[PDB]
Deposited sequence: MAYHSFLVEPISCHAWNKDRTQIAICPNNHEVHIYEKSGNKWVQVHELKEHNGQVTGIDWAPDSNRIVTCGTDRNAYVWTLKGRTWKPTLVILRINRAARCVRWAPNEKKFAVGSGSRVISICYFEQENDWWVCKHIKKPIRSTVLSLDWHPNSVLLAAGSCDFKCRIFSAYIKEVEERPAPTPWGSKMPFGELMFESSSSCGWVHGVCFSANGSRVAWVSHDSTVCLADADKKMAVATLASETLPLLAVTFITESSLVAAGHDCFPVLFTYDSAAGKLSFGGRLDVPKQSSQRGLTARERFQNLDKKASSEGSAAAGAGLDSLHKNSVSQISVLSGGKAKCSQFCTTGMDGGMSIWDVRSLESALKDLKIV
């Protein structure tokens, strides 16, 4: 199920709680929100505040709040008042572009990765009435490309151009408290580096925690996909691909990953817990001048329903301005040789 929102790139997207609306960045300074009406999409909002290209974009489900970050070095939390979205400025205190952003699952915090080689954890102080933030600096040495929160809203996965996937503690006791011990460690003071990949090459474009947080997976520019298992001393299974670099990835079950990138199509990866190994599960997109649904690189993927434990539908957006909805069930029946988990 492919839909064209524009011939230009969809820099990033984010869906609201009931996947009734989707927010996309048309490769510019704004964010357009579309809503489904029958079998059509109807544009309903336009968020024009960023004075630079929007890079990140997320939607806190329950509080129904949208957060955005752009190359203008700013982040804005958007709150819906009546029939219009109003932006509240958050000072990230970074001197370089913001590159990505994600709300923690508990909706009380949000992290922004930037070209300042730092991660800005933001929260609201209802006292002085506004958003502040603490910086996670060490040992980041380059631009942070992607982020993903662990289910406990404390552990944070981050991929940067220094070729590393790292897990940091994002503990902000001003709005939450003592995180319960996790297989990644018991001590989680703010900024604590819980884990760092070992590879010394390949920019890490995407990172993703599994539904229960015991596993983190990342995709690098050296055309490889990795997964670290905390229930196995943080061992890392690696799989070198024969094709182009993946740019986005996410679990669809505790042992299955779906990624997409410059090949322009979604693929499947499975993890053998026992063997501690990853395998290529195959192409999910089965047949301009291309046999793929998207006509350019897919740069984002997101779970629409079933969560990361039993994903039934997922979404991809790419540089072709396309947005595609994939149904796991339908895929399994169309590719009888497909084996998930």
Spell out the unmodelled ranges of the deposited sequence for me, N- to C-terminal, numbering from the first residue. 1, 289-318
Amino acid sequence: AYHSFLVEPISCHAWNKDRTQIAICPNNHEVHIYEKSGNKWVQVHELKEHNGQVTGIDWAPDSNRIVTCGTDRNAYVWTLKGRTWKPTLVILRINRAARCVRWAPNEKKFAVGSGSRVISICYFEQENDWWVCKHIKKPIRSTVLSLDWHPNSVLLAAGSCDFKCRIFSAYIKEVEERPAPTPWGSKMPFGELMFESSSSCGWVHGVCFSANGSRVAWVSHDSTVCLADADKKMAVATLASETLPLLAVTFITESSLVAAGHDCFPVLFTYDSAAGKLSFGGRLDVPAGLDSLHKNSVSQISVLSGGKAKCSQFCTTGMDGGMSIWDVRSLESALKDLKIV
From here on, numbers count along this sequence of modelled residues.
Mean CA temperature factor from the deposited coordinates, higher in 130-138 or in 207-215? 130-138
Quick check: 262-270 versus 74-82, which has the larger average CA B-factor in the record? 74-82
Which one of 242, 174, 162, 196 shows the biggest C-alpha B-factor in the PDB entry? 174
Options 148, 192, 125, 222 - largest CA temperature factor per the record: 125
Compare the C-alpha B factor of residue 115 with those of the other modelled residues in its chain, then answer lowest, middle or highest third. lowest
Position of residue 292 among the chain's modelled residues by C-alpha B-factor, lowest, middle or highest third: highest
Chain third (lowest, middle, highest) by recorded CA B-factor, residue given as residue 303: lowest
Where does the C-alpha B-factor of residue 313 rank in its chain, lowest, middle or highest third? highest
CA B-factor placement of residue 12, once the chain's modelled residues are sorted into thirds: lowest
